[PDB]
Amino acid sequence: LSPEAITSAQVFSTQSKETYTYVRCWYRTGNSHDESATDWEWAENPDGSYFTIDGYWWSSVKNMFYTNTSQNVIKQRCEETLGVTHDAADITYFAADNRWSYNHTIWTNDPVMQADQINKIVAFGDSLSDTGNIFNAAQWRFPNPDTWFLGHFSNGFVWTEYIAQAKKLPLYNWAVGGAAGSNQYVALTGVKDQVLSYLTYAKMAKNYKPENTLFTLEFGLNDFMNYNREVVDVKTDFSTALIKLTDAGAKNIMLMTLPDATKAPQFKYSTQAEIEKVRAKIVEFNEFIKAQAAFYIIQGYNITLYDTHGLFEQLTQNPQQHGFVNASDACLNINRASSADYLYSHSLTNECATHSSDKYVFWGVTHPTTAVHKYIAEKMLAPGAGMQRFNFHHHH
């Protein structure tokens, strides 16, 4: 769509609809990252009655709920309701009227009184960042939620969620998994369409200052591996997205280079020609990512660039040096590269069960494990790694 299509009267009308909804609290039922399965309960008040949040819905087609209730209070209720005592509960929560509803994002509106501190993370990208968009578009069938953690292409949280947790910030995700098989649930779109969608929802928020959002952007992996997109087209999509984000007032952006995805187990079933071909696109596109970062820095923006490509090379070249045991095999017992495998549950191999999925780089044949996503977040959070340039709150 386009944020300009939303009129002032429409904003007033939308924001004046003060309804209420319930909160679905998801948690990991098993007690380690080896088990992706999740279940849920409705959030409760302290006395056990159902918890509700007041606010308003808006959707272009995919409804988001806008509330004044803080994310920290919603999380606290879910934690109090579920009372999970194991270590990997990995609780997440969503708005829903009833059991037939999908998992809708809860957006906390900002206060009128606001300075220049970062107050949220907004993520753009593909299956390396998606936390539930293709999963909801696929009616919770893809990727299968017994084996991939509730709509994440991993066995747990992805890197953006670990960053958000470290900084105690909400994460609002626009990234869309474009893994093999996604096409059947939503036509391929660029990352610039994610920026457009985000800007339309942001127009319905109250007191929204785009300069207080930390934007994260990674894109291209699914485009190159699965869709054979040309580098020049991905360049055009990526630069168009940054133009649109900065034109809308973004100031704080985290970028990352693409990992060399030809190191993934699925390329055991590929030709050397395809390996060299995909790899070359990634090498070329990564130089464009770096050049865009340098350009926006010179233009005065707060840009960090993390060389995820170089980090992945270190992990796949010498996993033991970085706390991992295996960087060549899928942890899951998947012995081919097929889109249909995301529809089914899969067991761990004996070797992965022996060492634990936290010691593997790869979960299935394509995507990294949640331990890798954590390793990335920790590297990005490290002193001197660049996040010092953003205006974060402190928390005692």
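When you see a residue number, it is the position in the sequence shown, counting from 1.
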Query raised in the report: Counting only residues from the deposited sequence, how many are left out of the model between residue 340 and residue 341 (none, 1 to 3, 4 to 9, 10 or more)?
Result: none
Query raised in the report: Going by the B-factors listed in the PDB entry, is the mean over the C-alpha atoms higher for 142-150 or for 268-276?
Result: 268-276
Query raised in the report: In the PDB record, does 10-18 or 369-377 carry the higher mean Cα temperature factor?
Result: 10-18
Query raised in the report: Among 120, 104, 322, 206, where is the Cα temperature factor highest, going by the PDB entry?
Result: 322
**Report entry** Criterion, highest CA B-factor; candidates, 158, 82, 187, 176
**Finding:** 187
Query raised in the report: Within this chain, which third does the Cα B-factor at residue 48 fall in: lowest, middle or highest?
Result: highest
Query raised in the report: Split the chain's modelled residues into thirds by Cα B-factor; is residue 357 in the lowest, middle or highest one?
Result: middle
Report summary line: Binned into thirds over the chain's modelled residues, the C-alpha B-factor of residue 300 lands in the middle
Requested in this report: Relative to the other modelled residues of the same chain, rank the CA B-factor of residue 61 and answer lowest, middle or highest third.
Outcome: highest
Query raised in the report: Which third of the chain holds residue 260 when residues are ordered by C-alpha B factor: lowest, middle or highest?
Result: highest
